Amino acid sequence: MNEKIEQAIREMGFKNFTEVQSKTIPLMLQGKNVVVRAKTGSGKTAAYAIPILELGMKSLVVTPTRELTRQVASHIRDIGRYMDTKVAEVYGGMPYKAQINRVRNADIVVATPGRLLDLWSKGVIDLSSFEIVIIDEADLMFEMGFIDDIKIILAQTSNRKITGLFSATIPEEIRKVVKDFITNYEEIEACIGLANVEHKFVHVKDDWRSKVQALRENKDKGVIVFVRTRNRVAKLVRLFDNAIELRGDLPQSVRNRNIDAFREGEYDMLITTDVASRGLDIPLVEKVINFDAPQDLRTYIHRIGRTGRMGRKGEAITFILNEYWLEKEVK
């Protein structure tokens, strides 16, 4: 709301806030830690840059690459053009002297993890001085082999009051880090995934027989079917001879083997509960069937996230008994 920031974004062509921005900004301004599931182009940069500039607290933004470090730093300087703040960039390959001069008296530091820790080790950077810490594209950093750096950074930034982690996906390793380092955080997600899928809703008469019958009408191969409980998965798989199941009590080796059979085309359907498929690598498919409607929109989005093979549009079919709220919200 600072007039200097509002004027700057208006000059940059601001018209409306993106979904990620609308949800994230208010929460960070309230001092809440956030874990945001968002991809490039979602407007995530301004989502954390606005709060950083508005609060005026010394901040650190950790980025995976030199390119992103430069783009983020530039965007922050642009939005904060009238805030008289010093934004410094830190990344590999930069001449040492220039690097030192930039970090000197910086209010906001955007940096790749490796170089940041090197400067920290040499005593050039005081990680305990940062009150806001942002981890941007945590999943990419994990895949690049930087997860231990992220752990050290979060452990050493001992005075951080607001911590935000942005990532398109949340692998188990990242989930662990968030739990051990980010205190009572707000989980934020965009509903963009809804646009890449055709949503179909089938109204059924009851919670079992009519659902079994509706599923028998399925003509497609390589479909994932989500069910509410382990008991229902067990009973459903016993009614279809072209289905393999995933249950929470099956060791991960058995589940991975069942997924392999599905991938090999040995079964037309993979029947699972949300718990049983969580954190497992499953091939992207074209269609998902919600035999049982999910309990909330977030779960719906996560399930339909299983579609989109080869970047194509997906299809989701949900059997609706009395969960009319889902149809309404999705539409």
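The domain boundaries assigned to the protein delineate domain 1 (1-191) and domain 2 (192-331). Computed from C-alpha coordinates alone, the two centres of domain 1 and domain 2 are separated by 36 Å. Taken together, the contact between domain 1 and domain 2 spans 7 residues of the former and 8 residues of the latter. Of the roughly 580 Å² buried where domain 1 meets domain 2, counting both sides, 47% is carbon and sulfur surface. When residues of domain 1 are sorted by the area they lose upon contact with domain 2, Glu187, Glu189 and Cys191 head the list and together hold 75% of the total. In this assembly, domain 1 and domain 2 are joined by 2 salt bridges. Linking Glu189 and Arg298 is a salt bridge whose minimum nitrogen-to-oxygen distance equals 3.9 Å. Here domain 1 is connected to domain 2 by 4 residue pairs in polar contact.

The next thing to look at is the sheet that holds strand β3 (residues 87-90). Strand order in this open sheet of 7 strands is β3-β4-β2-β5-β6-β1-β7, and the pairing throughout is parallel. Strands with a single pairing partner mark the edges of an open sheet, and in this sheet they are β3 and β7 (186-189). The average undirected angle you get between the axes of adjacent strands in this sheet is 15 degrees. Direction of pairing for strand β5 (residues 132-136) relative to strand β6 (residues 162-167): parallel, over a ladder of 5 bridges. Among the inter-strand pairings, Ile132 is bridged to a residue of β6, identified as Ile162. Each of β1 (34-37) and β7 is contacted by helix α14 (residues 297-304), which is oriented at about 55 degrees to β7, the strand it contacts most.

It is worth spelling out the sheet that holds strand β11 (residues 269-272) at this point. Across the sheet, which stays open at both edges, the 6 strands sit in the order β8-β13-β12-β9-β11-β10 with parallel pairing between neighbours. Two strands close off the open sheet at either side, each with one partner strand: β8 (197-203) and β10 (243-246). Strand-to-strand twist in this sheet, taken as the mean axis angle between neighbours without regard to direction, amounts to 20 degrees. Relative to strand β13 (residues 314-320), β8 runs parallel, the two being bridged by 7 bridges.

What counts and how
- Residues numbered from 1 in each chain as written, not as in the entry; some residues may be left out.
- Heavy atoms only, no water.
- Domains from an automatic or database assignment.
- Contact = heavy atoms within 4.5 Å.
- Buried area = accessible area lost by both parts, 1.4 Å probe.
- Salt bridge = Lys/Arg side-chain N within 4 Å of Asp/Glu carboxyl O.
- Polar contact = N/O pair within 3.5 Å; in protein donor to acceptor, adjacent residues only side chain to side chain.
- Pairing = 2+ DSSP bridges.
- Helix = DSSP H or I, 4+ residues; strand = E, 2+ residues; numbered from the N terminus.
- Axes fitted to C-alpha atoms, helices over the stretch in contact; angles between N-to-C directions.

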